[PDB]
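Asks: Contents of my_file_39.pdb (PDB, C-alpha atoms (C1' of nucleotides)) are given next:
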MODEL        1
ATOM      1  CA  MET J   1     -34.002  89.490  28.075  1.00  0.00           C
ATOM      2  CA  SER J   2     -34.779  89.313  24.374  1.00  0.00           C
ATOM      3  CA  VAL J   3     -32.608  86.441  23.157  1.00  0.00           C
ATOM      4  CA  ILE J   4     -32.115  88.461  19.949  1.00  0.00           C
ATOM      5  CA  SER J   5     -32.523  92.214  19.553  1.00  0.00           C
ATOM      6  CA  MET J   6     -34.706  93.678  16.820  1.00  0.00           C
ATOM      7  CA  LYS J   7     -31.604  95.463  15.499  1.00  0.00           C
ATOM      8  CA  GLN J   8     -29.893  92.133  14.848  1.00  0.00           C
ATOM      9  CA  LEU J   9     -33.048  90.739  13.243  1.00  0.00           C
ATOM     10  CA  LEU J  10     -33.275  93.767  10.952  1.00  0.00           C
ATOM     11  CA  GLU J  11     -29.630  93.384   9.908  1.00  0.00           C
ATOM     12  CA  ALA J  12     -30.230  89.667   9.312  1.00  0.00           C
ATOM     13  CA  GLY J  13     -33.200  90.479   7.077  1.00  0.00           C
ATOM     14  CA  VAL J  14     -35.691  88.564   9.203  1.00  0.00           C
ATOM     15  CA  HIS J  15     -38.378  91.073   8.216  1.00  0.00           C
ATOM     16  CA  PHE J  16     -38.222  90.033   4.541  1.00  0.00           C
ATOM     17  CA  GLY J  17     -40.930  87.594   3.510  1.00  0.00           C
ATOM     18  CA  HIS J  18     -42.117  86.188   0.206  1.00  0.00           C
ATOM     19  CA  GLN J  19     -44.101  87.851  -2.563  1.00  0.00           C
ATOM     20  CA  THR J  20     -47.729  88.773  -1.911  1.00  0.00           C
ATOM     21  CA  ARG J  21     -48.864  86.176  -4.463  1.00  0.00           C
ATOM     22  CA  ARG J  22     -47.181  83.407  -2.431  1.00  0.00           C
ATOM     23  CA  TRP J  23     -48.594  84.509   0.927  1.00  0.00           C
ATOM     24  CA  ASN J  24     -50.425  82.121   3.243  1.00  0.00           C
ATOM     25  CA  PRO J  25     -53.554  83.620   4.862  1.00  0.00           C
ATOM     26  CA  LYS J  26     -52.694  81.768   8.071  1.00  0.00           C
ATOM     27  CA  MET J  27     -49.428  83.747   8.252  1.00  0.00           C
ATOM     28  CA  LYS J  28     -51.451  86.975   8.490  1.00  0.00           C
ATOM     29  CA  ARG J  29     -50.925  86.821  12.259  1.00  0.00           C
ATOM     30  CA  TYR J  30     -47.158  87.257  11.803  1.00  0.00           C
ATOM     31  CA  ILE J  31     -47.208  89.847   8.992  1.00  0.00           C
ATOM     32  CA  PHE J  32     -46.731  93.501   9.967  1.00  0.00           C
ATOM     33  CA  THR J  33     -47.419  95.293   6.670  1.00  0.00           C
ATOM     34  CA  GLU J  34     -46.766  95.083   2.930  1.00  0.00           C
ATOM     35  CA  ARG J  35     -44.255  97.304   1.143  1.00  0.00           C
ATOM     36  CA  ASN J  36     -43.119  97.232  -2.497  1.00  0.00           C
ATOM     37  CA  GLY J  37     -45.194  94.125  -3.153  1.00  0.00           C
ATOM     38  CA  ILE J  38     -43.377  92.049  -0.512  1.00  0.00           C
ATOM     39  CA  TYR J  39     -44.812  91.018   2.853  1.00  0.00           C
ATOM     40  CA  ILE J  40     -42.861  92.152   5.917  1.00  0.00           C
ATOM     41  CA  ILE J  41     -42.832  89.806   8.911  1.00  0.00           C
ATOM     42  CA  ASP J  42     -43.846  91.298  12.264  1.00  0.00           C
ATOM     43  CA  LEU J  43     -40.513  91.495  14.080  1.00  0.00           C
ATOM     44  CA  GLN J  44     -42.212  92.374  17.382  1.00  0.00           C
ATOM     45  CA  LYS J  45     -43.838  88.938  17.565  1.00  0.00           C
ATOM     46  CA  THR J  46     -40.712  87.421  16.008  1.00  0.00           C
ATOM     47  CA  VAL J  47     -38.658  88.467  19.039  1.00  0.00           C
ATOM     48  CA  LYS J  48     -41.179  86.951  21.445  1.00  0.00           C
ATOM     49  CA  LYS J  49     -41.481  83.696  19.497  1.00  0.00           C
ATOM     50  CA  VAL J  50     -37.713  83.282  19.130  1.00  0.00           C
ATOM     51  CA  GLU J  51     -37.274  83.761  22.879  1.00  0.00           C
ATOM     52  CA  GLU J  52     -39.771  80.974  23.587  1.00  0.00           C
ATOM     53  CA  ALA J  53     -38.070  78.668  21.081  1.00  0.00           C
ATOM     54  CA  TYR J  54     -34.640  79.162  22.647  1.00  0.00           C
ATOM     55  CA  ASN J  55     -35.964  78.428  26.140  1.00  0.00           C
ATOM     56  CA  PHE J  56     -37.847  75.339  24.951  1.00  0.00           C
ATOM     57  CA  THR J  57     -34.741  73.990  23.220  1.00  0.00           C
ATOM     58  CA  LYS J  58     -32.617  74.615  26.313  1.00  0.00           C
ATOM     59  CA  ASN J  59     -35.095  72.737  28.506  1.00  0.00           C
ATOM     60  CA  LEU J  60     -35.282  69.854  26.030  1.00  0.00           C
ATOM     61  CA  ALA J  61     -31.500  69.761  25.572  1.00  0.00           C
ATOM     62  CA  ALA J  62     -30.991  69.687  29.346  1.00  0.00           C
ATOM     63  CA  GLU J  63     -33.207  66.586  29.350  1.00  0.00           C
ATOM     64  CA  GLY J  64     -30.864  64.928  26.857  1.00  0.00           C
ATOM     65  CA  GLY J  65     -33.125  65.574  23.891  1.00  0.00           C
ATOM     66  CA  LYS J  66     -31.615  65.049  20.452  1.00  0.00           C
ATOM     67  CA  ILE J  67     -32.410  67.841  17.977  1.00  0.00           C
ATOM     68  CA  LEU J  68     -32.043  67.159  14.248  1.00  0.00           C
ATOM     69  CA  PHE J  69     -31.295  70.213  12.102  1.00  0.00           C
ATOM     70  CA  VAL J  70     -32.871  69.879   8.651  1.00  0.00           C
ATOM     71  CA  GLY J  71     -32.365  72.222   5.729  1.00  0.00           C
ATOM     72  CA  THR J  72     -31.904  71.203   2.103  1.00  0.00           C
ATOM     73  CA  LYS J  73     -32.455  74.743   0.829  1.00  0.00           C
ATOM     74  CA  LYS J  74     -29.290  75.816  -0.957  1.00  0.00           C
ATOM     75  CA  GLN J  75     -28.921  78.911   1.231  1.00  0.00           C
ATOM     76  CA  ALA J  76     -29.172  76.807   4.416  1.00  0.00           C
ATOM     77  CA  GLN J  77     -27.160  73.639   3.709  1.00  0.00           C
ATOM     78  CA  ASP J  78     -23.847  75.034   4.956  1.00  0.00           C
ATOM     79  CA  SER J  79     -25.251  76.877   7.978  1.00  0.00           C
ATOM     80  CA  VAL J  80     -27.112  73.782   9.189  1.00  0.00           C
ATOM     81  CA  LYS J  81     -23.994  71.600   9.138  1.00  0.00           C
ATOM     82  CA  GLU J  82     -21.685  74.156  10.769  1.00  0.00           C
ATOM     83  CA  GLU J  83     -24.127  74.991  13.563  1.00  0.00           C
ATOM     84  CA  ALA J  84     -25.026  71.330  14.128  1.00  0.00           C
ATOM     85  CA  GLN J  85     -21.351  70.346  14.337  1.00  0.00           C
ATOM     86  CA  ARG J  86     -20.739  73.106  16.875  1.00  0.00           C
ATOM     87  CA  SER J  87     -23.637  71.857  19.002  1.00  0.00           C
ATOM     88  CA  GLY J  88     -22.733  68.192  18.497  1.00  0.00           C
ATOM     89  CA  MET J  89     -26.113  67.417  16.913  1.00  0.00           C
ATOM     90  CA  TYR J  90     -27.301  65.672  13.757  1.00  0.00           C
ATOM     91  CA  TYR J  91     -28.157  67.279  10.431  1.00  0.00           C
ATOM     92  CA  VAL J  92     -29.635  66.493   7.013  1.00  0.00           C
ATOM     93  CA  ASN J  93     -28.348  69.065   4.516  1.00  0.00           C
ATOM     94  CA  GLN J  94     -28.251  67.369   1.090  1.00  0.00           C
ATOM     95  CA  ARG J  95     -31.556  65.582   0.485  1.00  0.00           C
ATOM     96  CA  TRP J  96     -34.092  64.302   2.977  1.00  0.00           C
ATOM     97  CA  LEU J  97     -34.508  60.589   2.302  1.00  0.00           C
ATOM     98  CA  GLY J  98     -38.139  59.533   2.522  1.00  0.00           C
ATOM     99  CA  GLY J  99     -38.536  57.178   5.455  1.00  0.00           C
ATOM    100  CA  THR J 100     -35.635  58.522   7.511  1.00  0.00           C
ATOM    101  CA  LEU J 101     -37.824  58.544  10.634  1.00  0.00           C
ATOM    102  CA  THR J 102     -40.808  56.362   9.695  1.00  0.00           C
ATOM    103  CA  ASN J 103     -38.481  53.640   8.355  1.00  0.00           C
ATOM    104  CA  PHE J 104     -35.607  54.150  10.782  1.00  0.00           C
ATOM    105  CA  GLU J 105     -34.656  50.461  10.832  1.00  0.00           C
ATOM    106  CA  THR J 106     -34.018  50.428   7.084  1.00  0.00           C
ATOM    107  CA  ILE J 107     -31.835  53.546   7.288  1.00  0.00           C
ATOM    108  CA  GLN J 108     -29.820  52.120  10.193  1.00  0.00           C
ATOM    109  CA  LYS J 109     -28.770  49.217   7.970  1.00  0.00           C
ATOM    110  CA  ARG J 110     -27.448  51.658   5.370  1.00  0.00           C
ATOM    111  CA  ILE J 111     -25.774  53.615   8.176  1.00  0.00           C
ATOM    112  CA  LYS J 112     -24.199  50.356   9.355  1.00  0.00           C
ATOM    113  CA  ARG J 113     -23.035  49.612   5.801  1.00  0.00           C
ATOM    114  CA  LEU J 114     -21.167  52.917   5.512  1.00  0.00           C
ATOM    115  CA  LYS J 115     -19.274  52.225   8.736  1.00  0.00           C
ATOM    116  CA  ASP J 116     -18.181  48.817   7.423  1.00  0.00           C
ATOM    117  CA  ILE J 117     -16.737  50.359   4.251  1.00  0.00           C
ATOM    118  CA  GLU J 118     -14.870  52.929   6.339  1.00  0.00           C
ATOM    119  CA  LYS J 119     -13.313  50.182   8.470  1.00  0.00           C
ATOM    120  CA  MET J 120     -12.289  48.271   5.346  1.00  0.00           C
ATOM    121  CA  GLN J 121     -10.633  51.430   4.012  1.00  0.00           C
ATOM    122  CA  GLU J 122      -8.766  52.122   7.265  1.00  0.00           C
ATOM    123  CA  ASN J 123      -7.729  48.500   7.849  1.00  0.00           C
TER     124      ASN J 123
ATOM    125  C1'   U C   1     -50.094  13.842 -11.044  1.00  0.00           C
ATOM    126  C1'   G C   2     -44.340  13.529 -10.141  1.00  0.00           C
ATOM    127  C1'   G C   3     -40.148  13.804 -13.347  1.00  0.00           C
ATOM    128  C1'   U C   4     -38.755  15.668 -17.987  1.00  0.00           C
ATOM    129  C1'   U C   5     -39.430  18.911 -22.444  1.00  0.00           C
ATOM    130  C1'   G C   6     -41.245  22.777 -26.195  1.00  0.00           C
ATOM    131  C1'   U C   7     -42.840  27.791 -26.380  1.00  0.00           C
ATOM    132  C1'   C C   8     -43.009  33.195 -25.935  1.00  0.00           C
ATOM    133  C1'   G C   9     -37.376  34.163 -25.436  1.00  0.00           C
ATOM    134  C1'   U C  10     -31.269  34.827 -24.235  1.00  0.00           C
ATOM    135  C1'   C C  11     -36.620  38.395 -24.992  1.00  0.00           C
ATOM    136  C1'   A C  12     -35.113  42.215 -20.372  1.00  0.00           C
ATOM    137  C1'   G C  13     -37.853  41.662 -17.590  1.00  0.00           C
ATOM    138  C1'   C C  14     -40.514  39.487 -12.772  1.00  0.00           C
ATOM    139  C1'   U C  15     -40.919  40.285  -7.698  1.00  0.00           C
ATOM    140  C1'   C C  16     -40.306  40.969  -2.297  1.00  0.00           C
ATOM    141  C1'   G C  17     -39.023  43.334   3.159  1.00  0.00           C
ATOM    142  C1'   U C  18     -39.848  47.994   5.610  1.00  0.00           C
ATOM    143  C1'   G C  19     -41.778  52.958   4.792  1.00  0.00           C
ATOM    144  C1'   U C  20     -45.239  56.216   2.579  1.00  0.00           C
ATOM    145  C1'   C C  21     -49.816  57.442  -0.597  1.00  0.00           C
ATOM    146  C1'   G C  22     -55.150  55.462  -1.531  1.00  0.00           C
ATOM    147  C1'   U C  23     -61.828  54.109   2.049  1.00  0.00           C
ATOM    148  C1'   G C  24     -60.461  50.133  -1.478  1.00  0.00           C
ATOM    149  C1'   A C  25     -58.673  47.233  -5.614  1.00  0.00           C
ATOM    150  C1'   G C  26     -53.986  49.423  -5.985  1.00  0.00           C
ATOM    151  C1'   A C  27     -49.736  52.796  -6.458  1.00  0.00           C
ATOM    152  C1'   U C  28     -44.678  53.971  -5.199  1.00  0.00           C
ATOM    153  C1'   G C  29     -40.056  51.576  -5.392  1.00  0.00           C
ATOM    154  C1'   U C  30     -39.505  49.481 -11.070  1.00  0.00           C
ATOM    155  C1'   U C  31     -41.567  56.187 -13.316  1.00  0.00           C
ATOM    156  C1'   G C  32     -38.378  60.533 -15.251  1.00  0.00           C
ATOM    157  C1'   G C  33     -32.970  63.060 -17.778  1.00  0.00           C
ATOM    158  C1'   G C  34     -28.655  60.714 -20.300  1.00  0.00           C
ATOM    159  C1'   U C  35     -26.410  55.901 -21.741  1.00  0.00           C
ATOM    160  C1'   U C  36     -26.374  50.526 -22.817  1.00  0.00           C
ATOM    161  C1'   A C  37     -26.618  44.565 -26.056  1.00  0.00           C
ATOM    162  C1'   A C  38     -29.268  44.566 -21.383  1.00  0.00           C
ATOM    163  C1'   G C  39     -34.266  46.892 -15.076  1.00  0.00           C
ATOM    164  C1'   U C  40     -26.347  47.827 -18.018  1.00  0.00           C
ATOM    165  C1'   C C  41     -24.600  52.032 -15.459  1.00  0.00           C
ATOM    166  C1'   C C  42     -24.883  57.487 -13.699  1.00  0.00           C
ATOM    167  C1'   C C  43     -28.140  61.421 -12.128  1.00  0.00           C
ATOM    168  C1'   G C  44     -32.779  62.960 -10.287  1.00  0.00           C
ATOM    169  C1'   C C  45     -36.751  61.410  -7.201  1.00  0.00           C
ATOM    170  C1'   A C  46     -41.334  59.148  -0.731  1.00  0.00           C
ATOM    171  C1'   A C  47     -38.838  56.191  -1.066  1.00  0.00           C
ATOM    172  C1'   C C  48     -34.705  52.864   1.443  1.00  0.00           C
ATOM    173  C1'   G C  49     -32.899  48.009   0.403  1.00  0.00           C
ATOM    174  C1'   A C  50     -33.010  42.934  -1.268  1.00  0.00           C
ATOM    175  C1'   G C  51     -33.791  38.628  -4.453  1.00  0.00           C
ATOM    176  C1'   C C  52     -34.503  35.810  -9.457  1.00  0.00           C
ATOM    177  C1'   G C  53     -33.010  37.503 -14.255  1.00  0.00           C
ATOM    178  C1'   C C  54     -28.685  40.755 -17.264  1.00  0.00           C
ATOM    179  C1'   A C  55     -23.205  40.825 -17.041  1.00  0.00           C
ATOM    180  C1'   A C  56     -19.156  38.111 -15.020  1.00  0.00           C
ATOM    181  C1'   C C  57     -17.381  33.225 -13.062  1.00  0.00           C
ATOM    182  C1'   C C  58     -16.935  27.766 -16.721  1.00  0.00           C
ATOM    183  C1'   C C  59     -15.671  25.376 -22.006  1.00  0.00           C
ATOM    184  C1'   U C  60     -13.592  26.248 -26.995  1.00  0.00           C
ATOM    185  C1'   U C  61     -10.830  29.458 -30.714  1.00  0.00           C
ATOM    186  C1'   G C  62      -7.177  33.476 -31.771  1.00  0.00           C
ATOM    187  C1'   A C  63      -0.936  35.497 -29.568  1.00  0.00           C
ATOM    188  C1'   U C  64       2.946  34.035 -26.449  1.00  0.00           C
ATOM    189  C1'   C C  65       6.535  32.216 -21.875  1.00  0.00           C
ATOM    190  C1'   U C  66       7.817  27.998 -18.519  1.00  0.00           C
ATOM    191  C1'   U C  67       7.700  22.498 -17.837  1.00  0.00           C
ATOM    192  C1'   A C  68       7.655  18.061 -20.573  1.00  0.00           C
ATOM    193  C1'   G C  69      10.573  15.507 -25.725  1.00  0.00           C
ATOM    194  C1'   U C  70       7.626   9.694 -27.238  1.00  0.00           C
ATOM    195  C1'   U C  71       4.379   6.755 -30.429  1.00  0.00           C
ATOM    196  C1'   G C  72       4.804  13.566 -32.208  1.00  0.00           C
ATOM    197  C1'   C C  73       8.679  17.122 -34.956  1.00  0.00           C
ATOM    198  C1'   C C  74      13.569  17.170 -38.166  1.00  0.00           C
ATOM    199  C1'   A C  75      16.850  22.938 -38.270  1.00  0.00           C
ATOM    200  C1'   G C  76      21.608  22.440 -37.878  1.00  0.00           C
ATOM    201  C1'   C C  77      24.938  16.542 -38.984  1.00  0.00           C
ATOM    202  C1'   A C  78      25.904  12.208 -41.815  1.00  0.00           C
ATOM    203  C1'   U C  79      23.203   8.197 -44.079  1.00  0.00           C
ATOM    204  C1'   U C  80      17.463   5.863 -46.365  1.00  0.00           C
ATOM    205  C1'   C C  81      13.028   3.959 -51.079  1.00  0.00           C
ATOM    206  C1'   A C  82      10.987   6.370 -47.208  1.00  0.00           C
TER     207        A C  82
ENDMDL
END
Could you write out this structure as structure tokens?
Replies:
Amino acid sequence: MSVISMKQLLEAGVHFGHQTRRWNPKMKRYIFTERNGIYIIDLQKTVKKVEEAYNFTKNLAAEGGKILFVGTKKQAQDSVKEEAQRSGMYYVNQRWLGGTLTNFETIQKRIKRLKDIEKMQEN
RNA sequence: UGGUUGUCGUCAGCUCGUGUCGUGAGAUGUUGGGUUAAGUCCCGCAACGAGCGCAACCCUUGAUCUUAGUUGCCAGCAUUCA
């Protein structure tokens, strides 16, 4: 089964891309046509690719994989947090701090710090 | 040479851990928008923190309460050259 129907994708506006002047030639594989100066994403391949992504995530999640939802874009900040909270996963919705993954030890110390201040406030 | 001192200069600066960028020396952080006496503080930001500086902690002066009332003080009380 298609994890998402083309009707839902159309209502969600998945077919809307960016302006022709901002197009990436590598994205040509996923573009269906151009209309009114805006590129339209090929929803037929979109359905197939979304189905693969959902299955991959489910396999990875069943192996205990931790998925981090990242979106600082103003339109996405709220959605990322709400959906991550529902799934019990982590999110970065305000600003990605450089070194969050490559310098994980340094971030953990700051994470530890926050928890200490919380305990001082509660106690 | 040790120890000590002058000097830039009581100027607001000088660095480091990890990360990232650069073939490399390096850079970033520490730049930028406001603000400050100040790298002082806020915000932004491939940076995230830390340290020596800055400020504060110390001394003195300016107000006042408590304790203490002599060798200090004399208002109310008499007396003295005081």
Asks: Exactly which residues make up the result of the PyMOL selection byres ((chain C) within 10 of (chain J)) on this file, given as a VMD selection string?
Replies: chain C and resid 17 to 20 45 to 49
Asks: Given the file shown, determine the residues that the PyMOL selection byres ((chain J and resi 29-41) around 7) selects; report them as a ChimeraX atom specification.
Replies: /J:15-20,26-28,42-43,45
Asks: Excluding residue 14 of chain C and residues on its chain fewer than 3 positions from it, collect all residues at most 12 Å away from it, counting all atoms listed in the file, and give them as a PyMOL selection string.
Replies: chain C and resi 30+39+51-53
Asks: Could you tell me how far atom CA of residue 95 of chain J sits from atom CA of residue 74 of chain J, in Å to one decimal place?
Replies: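 Separation between atom CA of residue 74 of chain J and atom CA of residue 95 of chain J: 10.6 Å.
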Asks: Extract, using only C-alpha atoms (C1' of nucleotides), all DNA, RNA and protein residues at most 12 Å from residue 51 of chain J, discarding same-chain residues fewer than 5 positions from it, and format them as a PyMOL selection string.
Replies: chain J and resi 1-6+44-46+56-58
Asks: In Å, with one decimal, what is the gap from atom CA of residue 8 of chain J to atom CA of residue 50 of chain J?
Replies: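 Atom CA of residue 8 of chain J sits 12.6 Å away from atom CA of residue 50 of chain J.
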Asks: Quick one: pull the distance between atom CA of residue 54 of chain J and atom CA of residue 22 of chain J, Å, one decimal.
Replies: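 Computing the Euclidean distance for atom CA of residue 54 of chain J and atom CA of residue 22 of chain J yields 28.4 Å.
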Asks: Skip residue 37 of chain C itself and residues of its chain fewer than 4 positions away, then list as a PyMOL selection string all residues within 12 Å of it, counting only C-alpha atoms (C1' of nucleotides).
Replies: chain C and resi 10-12+54-55
Asks: Would you list the contacts of residue 80 of chain J as number ranges by chain, taking every protein, DNA or RNA residue within 7 Å and counting all atoms listed in the file, but skipping same-chain residues closer than 3 positions in sequence?
Replies: J: 69-71, 76-77, 83-84, 91, 93
Asks: Will you model N, CA, C and O atoms for segment 31-46 of chain J and pass it back as a compact mmCIF listing (two decimals), keeping the file's coordinate frame?
Replies:
# COMPACT_ATOMS: atom_id res chain seq x y z
N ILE J 31 -47.56 88.82 9.96
CA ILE J 31 -47.21 89.85 8.99
C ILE J 31 -47.53 91.22 9.57
O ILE J 31 -48.61 91.44 10.13
N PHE J 32 -46.58 92.15 9.45
CA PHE J 32 -46.73 93.50 9.97
C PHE J 32 -47.42 94.40 8.95
O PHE J 32 -48.45 95.02 9.24
N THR J 33 -46.87 94.48 7.74
CA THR J 33 -47.42 95.29 6.67
C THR J 33 -46.85 94.78 5.35
O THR J 33 -46.03 93.85 5.33
N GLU J 34 -47.29 95.38 4.26
CA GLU J 34 -46.77 95.08 2.93
C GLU J 34 -46.14 96.34 2.35
O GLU J 34 -46.71 97.44 2.47
N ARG J 35 -44.98 96.18 1.72
CA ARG J 35 -44.26 97.30 1.14
C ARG J 35 -43.55 96.83 -0.11
O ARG J 35 -42.84 95.83 -0.08
N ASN J 36 -43.74 97.56 -1.21
CA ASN J 36 -43.12 97.23 -2.50
C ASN J 36 -43.49 95.82 -2.96
O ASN J 36 -42.67 95.11 -3.54
N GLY J 37 -44.72 95.41 -2.68
CA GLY J 37 -45.19 94.12 -3.15
C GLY J 37 -44.66 92.92 -2.41
O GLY J 37 -44.89 91.79 -2.85
N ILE J 38 -43.93 93.13 -1.32
CA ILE J 38 -43.38 92.05 -0.51
C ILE J 38 -43.94 92.16 0.90
O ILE J 38 -44.06 93.26 1.44
N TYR J 39 -44.31 91.02 1.48
CA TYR J 39 -44.81 91.02 2.85
C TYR J 39 -43.67 91.09 3.85
O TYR J 39 -42.67 90.37 3.74
N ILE J 40 -43.84 91.96 4.85
CA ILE J 40 -42.86 92.15 5.92
C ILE J 40 -43.35 91.42 7.16
O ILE J 40 -44.49 91.59 7.58
N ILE J 41 -42.47 90.60 7.74
CA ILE J 41 -42.83 89.81 8.91
C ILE J 41 -42.79 90.70 10.14
O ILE J 41 -41.94 91.59 10.26
N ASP J 42 -43.73 90.47 11.06
CA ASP J 42 -43.85 91.30 12.26
C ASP J 42 -42.73 90.95 13.24
O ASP J 42 -42.81 89.96 13.97
N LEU J 43 -41.68 91.77 13.25
CA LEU J 43 -40.51 91.50 14.08
C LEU J 43 -40.83 91.57 15.57
O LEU J 43 -40.11 90.95 16.37
N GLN J 44 -41.86 92.31 15.97
CA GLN J 44 -42.21 92.37 17.38
C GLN J 44 -42.62 91.00 17.91
O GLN J 44 -42.14 90.56 18.96
N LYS J 45 -43.50 90.31 17.18
CA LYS J 45 -43.84 88.94 17.57
C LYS J 45 -42.68 87.99 17.31
O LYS J 45 -42.51 87.01 18.05
N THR J 46 -41.88 88.25 16.28
CA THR J 46 -40.71 87.42 16.01
C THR J 46 -39.81 87.33 17.23
O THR J 46 -39.35 86.24 17.60
